[PDB]
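As a starting point, one isolated chain is supplied in structure tokens, in the form deposited in one PDB entry.
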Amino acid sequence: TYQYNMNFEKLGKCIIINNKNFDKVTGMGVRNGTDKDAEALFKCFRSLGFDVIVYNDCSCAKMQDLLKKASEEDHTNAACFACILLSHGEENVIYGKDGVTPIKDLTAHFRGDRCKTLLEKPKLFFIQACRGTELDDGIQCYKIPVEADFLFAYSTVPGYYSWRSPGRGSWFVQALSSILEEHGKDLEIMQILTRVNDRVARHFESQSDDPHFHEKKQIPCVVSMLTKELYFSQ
């Protein structure tokens, strides 16, 4: 009872949204590497015992639909819920195939008052997406809150670039997959994420022929309203 209870026949559902190809309109490039990230994250979360489903090139509306529908499914026998968004991004919103939807709109479906079978259960959103212009230069009888029990792990701090090598995928995802691969079952969620932060920070530096992009850095950003420790075991 300092831990979330994992005594359920399922760990839970994990939805991957892998947005790669974008409608001409949006003016957004192709995200080479995302398929590599998605595969990695499929195996990872499978290892934990998540029932993982991947949906490719979803528009908004579709994104809302998935998340709304799952919000409405029955989670009684599930320990927790997890969704993963891989897309383009700017502050507070993310890209569909056809436009942008704001994150709060996706997640809100799961608020305690809007999804009872997930009440008092962790809800996890992992989000690899740009968050703005910035780039990093570097240096050497009782109730419970409806907003409680969420955790977001963003690829990056608000207002920043998110790096992704076309041939190896996200820095963040490379990191997060390895760490889960090796420690997913014996580290608390905040430990795992702190290691990702550390690994993305130390061992990664961007290179480009453009000096404006050469030798940039990155740090992921974890937002937590969990109320217990979370382990993916016992």
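Numbering starts at 1 and runs along the sequence shown.
Another form exists, solved in complex with a partner chain; not displayed. Remarks below refer to it.
Though the partner is left out of this view, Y161 does reach within 4.5 Å of its partner chain in the deposited complex, counting heavy atoms only. By the criterion of a heavy atom within 4.5 Å, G89 is counted among the residues contacting its partner chain in the deposited complex.
The closest heavy atom approach of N32 to its partner chain in the deposited complex falls within 4.5 Å.
Remark: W171 counts among the residues lining its partner chain in the deposited complex, judged by a heavy atom distance of 4.5 Å or less. For the residues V100, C130, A79, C83, the 4.5 Å heavy atom test against its partner chain in the deposited complex is passed only by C130.
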